[PDB]
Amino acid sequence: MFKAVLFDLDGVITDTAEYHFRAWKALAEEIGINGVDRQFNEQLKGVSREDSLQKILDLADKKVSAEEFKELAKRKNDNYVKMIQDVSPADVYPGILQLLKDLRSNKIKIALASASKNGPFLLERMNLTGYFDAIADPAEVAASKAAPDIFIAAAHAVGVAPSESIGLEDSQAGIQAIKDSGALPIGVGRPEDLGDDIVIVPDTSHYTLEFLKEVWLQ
């Protein structure tokens, strides 16, 4: 049986991928870059703050100063942080709280493998911190998603090998990171976005312990 579940946060535990998108789109348009639509944003999900800004700047081959780059990232974060202040336990996606309780009851470790430095704050907002055995610090890894490092770190933080873990993800970059870690990915979203080569569920209510067990078996 699998021994750990490695959770992405944004777009898996709650609808904060929507808020990252809105904040990045607003920032892009302030600097005159209009290509950040929902389709392009699939390339941004799971990606670090700095890599997200760089991918946006790459759209118009746009060149800002180092000072401007830092200020733009800060501006986006300040906006995002304001948008999430009213997140509450009511915003936890369907099925997720039950899954956490069921994993815990079955002595399966629970780790966060989010690229977001706002992850710990969001778990507190949602009253979820006590369910997590570990949070992998996205600033500590040498390589961010789509590199596997954060998933490897999350597994190791709970004393489990990635090969004994399931990873839950809503993003292309994160699914790739799970694949390259050795853990088993189960995506949530559209195969059109996430691929036709791994198990994908249409919504988080499908993330039941019972379903995870069967995926593991097969």
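Start at 1 with the first residue shown and count on from there.
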Determine, for stretches 45-53 and 62-70, which one has the higher mean CA B-factor as deposited. 62-70
If you take the mean CA temperature factor per stretch, which one wins between 192-200 and 14-22? 192-200
Highest CA B factor of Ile84, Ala143, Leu128, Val92, as deposited, is found at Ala143
Split the chain's modelled residues into thirds by Cα B-factor; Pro120 lands in the middle
When the modelled residues of the chain are sorted by Cα temperature factor, does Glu30 land in the lowest, middle or highest third? highest
Give the position of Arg104 by CA B-factor within its chain, expressed as the lowest, middle or highest third. middle
Looking at the temperature factor on the CA atom of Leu168, which third of the chain's modelled residues does it land in? lowest
Can you tell me which third, lowest, middle or highest, the CA B-factor of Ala134 falls into for its chain? middle
